[PDB]
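In structure tokens, the next block holds one chain alone, the form deposited in one PDB entry.
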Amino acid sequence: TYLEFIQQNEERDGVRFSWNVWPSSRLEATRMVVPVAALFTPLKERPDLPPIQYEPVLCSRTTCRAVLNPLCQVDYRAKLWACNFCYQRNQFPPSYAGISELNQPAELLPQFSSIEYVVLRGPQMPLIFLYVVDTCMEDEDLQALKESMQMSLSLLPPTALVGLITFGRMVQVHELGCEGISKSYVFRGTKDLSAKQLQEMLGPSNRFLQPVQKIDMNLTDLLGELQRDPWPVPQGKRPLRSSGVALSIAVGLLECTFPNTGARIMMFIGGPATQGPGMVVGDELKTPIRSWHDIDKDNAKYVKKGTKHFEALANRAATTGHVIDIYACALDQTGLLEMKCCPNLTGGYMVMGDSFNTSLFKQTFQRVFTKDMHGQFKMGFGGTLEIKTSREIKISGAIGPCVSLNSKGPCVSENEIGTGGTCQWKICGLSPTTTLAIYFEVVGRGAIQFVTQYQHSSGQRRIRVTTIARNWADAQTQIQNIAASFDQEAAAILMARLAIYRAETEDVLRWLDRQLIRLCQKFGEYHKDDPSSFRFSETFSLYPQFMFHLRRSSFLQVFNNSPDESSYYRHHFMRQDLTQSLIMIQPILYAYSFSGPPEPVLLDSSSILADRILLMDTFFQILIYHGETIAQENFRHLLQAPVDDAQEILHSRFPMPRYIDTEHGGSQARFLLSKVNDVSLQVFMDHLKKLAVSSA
């Protein structure tokens, strides 16, 4: 079963391809209406594979240097193994001299096709957590932020290093535990500083970065005594907030102290940048913050210059290997559009709420420090992803939280998609859910090898090696099996990230149908000029419905949203696996009534019954709608069956979705009526068939 094939391979290898049977010819290596790509999750969790304490046993062929994998032909009596990417024959290292078929190495069993190695070289490096706190907020918000940061301090490992940077009009770099005076270095929020400058002005451990076990008591008291920015805010003005300078100082600090080691810059802001480089909005309240409508008519003189400042900090932190998180909670916009590249280039988080004093932020913030079965954080640092492909496979590029290392080789394609031109990428921050998208190009069973070297939260260096293989299409029957190996869910998300990438870097809503119509004409069934005869196989049947919700989603219709919300939505889509990505594009809807147990229903106005309860799960919102008749012991169980089921998913999802309890004639019933229903799906499908049976 191709379904069993797709499901079992994502479970084991953390990968899902648009096509599972690949082009066998250069004649039609161009034929792909949807490119050969993969949704790769490098740190995909799975019930307990053995941590392999070897050295990964590399292929001695210079450029190749692939990892020993189950696709390699072995010879246990000649003590040789043949690499599957270049056919050069290797000799087993001394420690493998006593291997046999009765007891073979783990990296050769096909069950261990995705395997993790532990490389203990020398002294581990401690983790680094740098808090960057805004003090221009209300006391309710600032107090709750202080309490949240104090809690996270009690979860950090005893050896981890901690620093504190507070900023208002000025920027303070705090020197912890210094006698009984508690000093700090104050900088103007009106000018930027390089790493070299900051090193000279400030003078393994530091005065500014000290272990938790030796500092937690002093840092807890300091965090609890933080007060708002002492500078008054005149009437009709915003506070002078120097977000861009405080971040460039946090980046510059770690850059000259602990470069090339896992560190997490956690910036907490309660408003937009109003001063200095990176400024987002003016300081007078009468001028509102930029909107999407203000952006296109060119009434936003701060976007281009503000984005350029944070794009430079993003590339600075990503080159050094450090992570930038953005926790923004305010009632107005905050500047995510200008600062998006910092948690996008690095693997940093981006949390967005109305106030730090809500259950929404507090619970979301402590899920950052969720530990596994051994008491260690579910986060990795300094991840280097290298991809080894067969001679006939070339890498066009990657779309996701990563940065190119500008490494060249025979596996690099000439036409680059997203961040291409390399067979190696750096992911400063990654979690078990981090999912990249790699687009390939052909120029059986060719094999693609994923090698991810990262720093574990324990400090150990680790290498995850995933080797996959997909059958070369049989030259006698290709286009029939190629259509059979199509993954409509994976391809839709892979095509979706292509659309968002060029929209976020620009019409995009003219490239989408061209591939949908061409896909209809190639893998569909129809008589010419007969739209009623058009139809799709079960392999492609869900694809147009997937692309219908995509072109109308908030990911591409940026209006009716603020620029910060559009950047926030696009942020989480570029990082999620397939399962959660489908939820974003097409929210799942469950119905609750007396007539039967809970059951999924269609996302159409026809599912809205007066005597029924609906649970719409957008990834960003859990919404419970009460029908008009329902609105007005087991109708309690009808009014809590969604609450119970919503409660379980309202805990697993890292960015805790917003919870809505609305009704017919409710204020927030708008959220249900928008994503439900160029007009409707029926009209969309009929217009599609009239063009697929039409000119080619």
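Rigid core here is just the name for the largest C-alpha set that superposes within 1.5 Å across the two forms. Heads up: residue numbers just count along the shown sequence, starting at 1.
From this point on, the text means the form deposited in another entry, which you will not see here.
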| property | result |
| --- | --- |
| Entry of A610, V119, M217, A78 that shows, once the rigid core is matched between the shown form and the other one, a C-alpha shift of 2 Å or more | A610 |
| Core-aligned CA displacement of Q476 at least 2 Å between the shown form and the other one | yes |
| After fitting the core, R670 CA displacement of 2 Å or more between the shown form and the other one | yes |
| Is_shifted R264 between the shown form and the other one (CA, 2 Å cut-off, rigid core) | no |
| In that other deposited form, shift in Cα separation for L519 relative to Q476, 3 Å or more | closer |
